[PDB]
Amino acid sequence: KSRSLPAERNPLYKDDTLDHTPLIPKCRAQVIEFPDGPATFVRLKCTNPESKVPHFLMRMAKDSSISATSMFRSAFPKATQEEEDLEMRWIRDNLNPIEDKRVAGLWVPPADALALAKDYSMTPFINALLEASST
């Protein structure tokens, strides 16, 4: 569709076929207090091996909604803002983002996130994030 992904991808994601299980221990849970109350997130820190720069993959504990824009920025470190806006627009018209006043960025349900993970070559990392415990 109206889509073209960035050219350079985080070397962390060269192989989409690796088993995710060894990654699950590295997730962390964190509670964030919002005006309407606390909510729990599961986060996985992904350090690009060559720029040494860390990004968080993030998941809501209650319904496993995953931040698609966090996935995008970890996958494509040298992406322009126009490239990001283009793909987030794509996610809107082709997947089913959730709407949530409290969190920034575009979040999507688990099955949508795994569809993106195939496109971004991040399937082991989203699988580990989704299978991680919140407790």
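Start at 1 with the first residue shown and count on from there.
- The PDB entry records a higher mean C-alpha B factor for 97 to 105 than for its counterpart among 39 to 47 and 97 to 105.
- The mean C-alpha temperature factor is higher for 49 to 57 when 49 to 57 and 78 to 86 are set side by side.
- In this PDB entry, the Cα temperature factor of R73 sits in the middle third of its chain's modelled residues.
- Among all modelled residues in its chain, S121 ranks in the highest third by Cα B-factor.
- Ranked by C-alpha B-factor against the other modelled residues of its chain, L129 falls in the lowest third.
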